[PDB]
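K.L.:
Task: produce atomic coordinates for the following.
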Amino acid sequence: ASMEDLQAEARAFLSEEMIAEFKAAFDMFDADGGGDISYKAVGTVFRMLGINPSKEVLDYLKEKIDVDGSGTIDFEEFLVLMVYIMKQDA
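P.N.:
Numbering: from 1, shown residues only. Shown next is the protein structure:
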């Protein structure tokens with residue numbers, strides 16, 4: 001599914017308890033301090049919440065760092081990444 005499709009699916013596939021939980025590690029790692037964290041920081045979010053991402057996904061944030069320079073990712077992007085992570089999880 002395309003990321004645009006994942007946007008809509010994210011809140012429907014995931015639970016409210018889930019999106020609120022992922023936000024916990026996200027909001028504490030606020031780089032811009034408004035709805036955005038660093039791409040390098042988001043990788044740690046998974047580790048703190050006990051989530052194991054995929055090597056291709058981990059590479060996905062890193063490549064974005066080089067394109068954005070600042071290195072910031074939105075909550076939507078962050079939370080949308082979780083969709084496929086959970087689909088392949090367990």
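K.L.:
in which helix or strand would I find the residue positioned nearest the centre of the chain?
P.N.:
Centrality entry for the chain: nearest residue to the mean C-alpha point is residue 78, 2.2 Å, by C-alpha atoms, centre = their mean. If you go by DSSP states H and E, residue 78 is part of helix 75-88.
K.L.:
what's in contact with that helix?
P.N.:
By C-beta atoms under 8 Å, 6 or more residues apart in numbering, the list of residues contacting helix 75-88 from outside reads 1, 3, 6-7, 9-10, 13-14, 18-19, 22-23, 26, 35-37, 42, 45-46, 51, 53-54, 57, 60. To be clear about C-beta, it is placed using only N, CA and C from the backbone, and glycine gets the same treatment.
K.L.:
For residue 26, list the residues it contacts.
P.N.:
Applying C-beta under 8 Å, 6+ apart, the residues near residue 26 are 37, 42, 45, 75, 78-79.
K.L.:
err, residue 57, not the other one
P.N.:
Residue 57 neighbours (C-beta under 8 Å, 6+ apart): 81, 84-85.
K.L.:
and it, that's in a helix?
P.N.:
Yes. Under DSSP: H, G, I helix; E, B strand; the rest coil, residue 57 falls within a helix.
K.L.:
all strands for the protein, in order.
P.N.:
36-38, 72-74 (DSSP state E).
K.L.:
Deepest in the core, which of those is it.
P.N.:
Highest mean neighbour count among those (mean count of other C-beta atoms under 10 Å): strand 36-38, with a mean of 22.
K.L.:
So what touches that strand?
P.N.:
26, 29-31, 45, 71-75, 78.
K.L.:
can you give me how far it is from the chain middle?
P.N.:
10 Å (C-alpha atoms, centre = their mean, to the nearest Å).
K.L.:
Can you give me the first-to-last residue distance of stretch 42-62?
P.N.:
10 Å (C-alpha to C-alpha, to the nearest Å).
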